[PDB]
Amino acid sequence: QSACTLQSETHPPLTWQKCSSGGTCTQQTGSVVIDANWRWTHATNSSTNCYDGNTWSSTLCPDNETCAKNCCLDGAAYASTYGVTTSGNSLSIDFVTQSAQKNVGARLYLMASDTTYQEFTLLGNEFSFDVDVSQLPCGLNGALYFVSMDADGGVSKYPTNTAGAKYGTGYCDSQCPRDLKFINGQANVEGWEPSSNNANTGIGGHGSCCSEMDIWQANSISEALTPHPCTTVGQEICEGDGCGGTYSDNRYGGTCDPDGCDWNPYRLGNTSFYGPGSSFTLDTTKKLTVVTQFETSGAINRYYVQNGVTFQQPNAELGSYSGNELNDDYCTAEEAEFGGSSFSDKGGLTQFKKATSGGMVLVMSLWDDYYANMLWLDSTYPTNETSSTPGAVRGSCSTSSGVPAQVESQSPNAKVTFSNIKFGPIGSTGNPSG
């Protein structure tokens, strides 16, 4: 697609700290950009929609290539349309925003310039952030994560995409998502099927795969940390159900691992660690600091800080694994005890280390789940299982929770706030900000 300018595109600024092993941190100035799927897609020389509701224009978009030639992405009114605001080092995303139409949540990328994404090399480094999840009920997910996206959003590889990172193109993740309207400088109209339950969405014939590091999948009830390997490390197109993931009939039939090696302390047995109020180790009614360290072995370490008190990731025992480091012994034990083979099939932490050794883009989002109601995060899943099934119970939410239309109606003022991002060598991010 090209870019159009009927609406101006001004990326909300966002600062973050780059820390050094020598013990000091220096402020960096970036900004955030909304993913292309949220945008108005229209004809290049008129206001006629190329996509509207859950359908493509059959005249502007008779095929993927003609559609991309005929159509452009336009600018976003971040606060008034999308409920996205920033202040200094803080980013807030509202759940439901009513303008001329309804908007639900957002997916945002951290930029390096107005036309390029910031890339982070995670291996050997740690990433710290503060989060307020107090306004996130059952069924919502305020996510902070990394994906192996191109810094230009795909423009150099696919010159029929001239919109680029400035307009939030080029997304990919471990689901190999097929709901994206543009992939590789082509529309996704071929094979398009409208969603049953979401007036704005559908599933196309193509998806967009890449490695994904889920630092933070969370609401006020549950949280998870999850690396996902893919056999191709960076962004790559996939065809139909060969994509696997959420948007295919067969979840596990693709090149990425859509499940990952997940670490959810509640799922692992510590049901007192994270939740609302003073009965939990971490009180989700209050802001908390989350630090994630990527040691060069390929294992992942985690600690938290709240009110000046530090807690390592709680210990878990699973089969012959015991500890609090997410390492290959953990991931192997998890597959043995909970089931599944996707993580190991895709090469495990060794394959995942190829992603963290390269550049990855920072994503912050707020979503509800039109496929599984977020039950995999915060409830019992599948819903016919009980606590007698190892790993079935992931949180205390009812198996009836998280229906998108219901939570949108009941909790429209829900929101997530991410703040005080700090990044640098392991051991460095707790030192004074600059």
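Numbering starts at 1 and runs along the sequence shown.
Stretches compared: 236-244, 130-138. Higher mean C-alpha B-factor in the entry: 236-244. Relative to one another, 118-126 and 333-341 have unequal mean CA B-factors, and 333-341 is the one with the higher figure. Taking the deposited Cα B-factors for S365, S401, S31, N384, the highest one is held by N384. Out of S47, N37, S379, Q406, the entry records its largest CA B-factor for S47.
Annotation for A100: CA B-factor lies in the highest third of the chain's modelled residues. Ranked against the other modelled residues of its chain, the C-alpha B-factor of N373 as given in the entry falls in the lowest third. Placement of the Cα temperature factor of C25 within the chain: highest third of the modelled residues, per the deposited record. When all modelled residues of the chain are sorted by CA temperature factor, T285 is found within the middle third. When the CA B factors of the chain's modelled residues are split into thirds, the value for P229 lands in the middle one.
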